[PDB]
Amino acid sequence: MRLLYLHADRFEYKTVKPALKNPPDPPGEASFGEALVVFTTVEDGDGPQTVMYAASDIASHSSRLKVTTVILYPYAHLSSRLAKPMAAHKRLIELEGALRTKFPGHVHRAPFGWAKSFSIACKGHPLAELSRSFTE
C-alpha cells in the first residue's frame, strides 16, 4: 500500500464519468475544511495487516497535525504494483473501518472507481506533504 499524506486547508471532489464499468460506490461530491487528504493506492498483497498498519499511521500523523478530518481518497497512481479493483475497493473499505477504531474525528472515504475532479489547498509546513508505504 502506498499513501500520500496532504495536509489541506480545504479539499473538494466531484465524481465525473465512471472509470470501471459498474463503479461500486455511488456518484457524488463533497467538500471539506482543514483535513488530512490521504491519496491511497492499494497494492497487490495488501492484506489485513497492511490495513492495520496504515490505519494506525494515519491516526498517529493526524494526531500530531491536530487534524480532526481525514479524507481517504482512492488513487491509482502512486504505485506500479496495483491490486485489482475489486480487491482495492475491499481494502479501502477496511482501511476506512480500521481508521475509525484508531482516530476520533471525521473519516470520509471518497467514491472508488469514478473519475473525479478535485481541488486542494495544501499547506506548506514541513509535515504537510509526506509519503508512506505499508506491506505485510
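Sequential numbering from 1, following the sequence displayed.
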query	finding
Between the two ranges 42 to 50 and 22 to 30, the one averaging a larger CA B factor in the entry	22 to 30
Third of the chain's Cα B-factor distribution that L65 belongs to, per the entry	highest
Cα B factor band for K84 (lowest, middle or highest third within the chain)	middle
Chain third (lowest, middle, highest) by recorded CA B-factor, residue given as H77	highest
